[PDB]
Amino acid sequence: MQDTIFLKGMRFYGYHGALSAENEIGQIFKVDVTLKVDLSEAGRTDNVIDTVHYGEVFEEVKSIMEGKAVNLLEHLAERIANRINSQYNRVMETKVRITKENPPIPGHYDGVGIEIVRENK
């Protein structure tokens, strides 16, 4: 089963992070979310109820990203993957990638972040 639903480069201004001044100031978080969902039925019926609404998915992601400051990207991604797997039975698996393109690290780079994959069991 290789079909996916994706939301790519979602950007939220948040205050998450280990460092306190980091929580003070905040930064932009970029989030990719990929859902392993079987799409041939909705592909068959062209009815949205047969698939997972990507619109609703985005509001869920935003709630968490624009929610209470937490320490780790690992934790942020974990709560998004839960929220999504618990809300949508059709989702076999949830992949969550969170990037900080501009964290408090002196140097030159494009970004740093984590990615997790969480089967819905």
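All residue numbers are counted from 1 along the displayed sequence.
Between the stretches 69-77 and 31-39, it is 69-77 that shows the larger average CA temperature factor. The PDB entry reports B-factors from which the mean C-alpha value can be compared for 6-14 and 21-29; the larger average falls on 21-29. In the deposited entry, the Cα temperature factor of residue 117 places it in the lowest third of its chain's modelled residues. Among the modelled residues of its chain, residue 90 has a C-alpha B-factor that falls in the highest third according to the deposited record. When the modelled residues of the chain are ordered by C-alpha B-factor, residue 104 sits in the highest third.
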